[PDB]
Every structure is written in C-alpha cells, then in structure tokens.
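In the form deposited in one PDB entry, a lone chain appears below as structure tokens.
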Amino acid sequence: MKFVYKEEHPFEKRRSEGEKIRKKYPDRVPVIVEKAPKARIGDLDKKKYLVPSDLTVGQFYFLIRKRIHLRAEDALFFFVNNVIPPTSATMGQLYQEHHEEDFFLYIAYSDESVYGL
C-alpha cells in the first residue's frame, strides 16, 4: 500500500531519522501505522510510534484498538508487507524481518483480512 507518510517525507529524511532512532535507542522500534483508505473504520490519531522491541504484536494490537475505540469483537487486521503477523511475534522480530530501508517498520490496518493492500 502507499503510505501518506512516505508521500510527504522524502526518503533521505526518513532514513536519517530512522537511523538516528535506532542508534540512540537500540531497544526501540520506530513504526508508522496507517489505515488502508477503503477501510470503513476509525482513523488514527497518532501515526508514529517508538515501541519497545519486546512488545508483542498482540499488545500493540490492543493499544491501537483502544486508540481507535474498537473492541475484541470488531474486526481489525494488521498488515506488514501484506502479511498479517501473529500476535506472539515481538515488534523487534517484526522489525528485523520487515523494516524498510529508511529504518522504519510500516503497518497498514484494515477491517478485511484476506487481500493484500
């Protein structure tokens, strides 16, 4: 999916920020989270997060659900390179496998699970 953040910040600047954050705070992972445009749910308040590497995907799901006022009963899916990661993965593992070359991890969220964004 295209991210508004990538459209509005040039690569070299994103990179410079990502590198710096990872050098300075090696136990944090910088993430950009955006809603798939057609998804008919709540938009996100904050798009940039610096999370603990040992935070789980399930925990981050709980945080984002709670920011957009969704309960366990509402569909919400995270997509990273079009893969929906397991709740047991840590954000640090996700970052290591799937960070972009600007040193940020990109998560797209939607209410549909089957199709790539």
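Shifts are known only where both forms have a C-alpha. Residues carry their position along the shown sequence, with the first being 1. For the two forms, the rigid core is made up of the largest set of C-alpha atoms that agree within 1.5 Å on superposition.
Keep in mind the form solved in complex with a partner chain is missing from the figure; the text below concerns it.
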item	value
Interface membership of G92, the partner chain in the bound PDB entry, 4.5 Å heavy atom rule	no
Contact flag, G42 vs the partner chain in the bound PDB entry, heavy atom cut 4.5 Å	no
Residue contact check: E100 to the partner chain in the bound PDB entry, 4.5 Å heavy atom	no
Rigid core fit then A72 CA moved by 2 Å or more between the shown form and the other one	yes
Runs in sequence order between the shown form and the other one, three or more residues long, with CA shifts of 2 Å or more on the rigid core	71 to 73
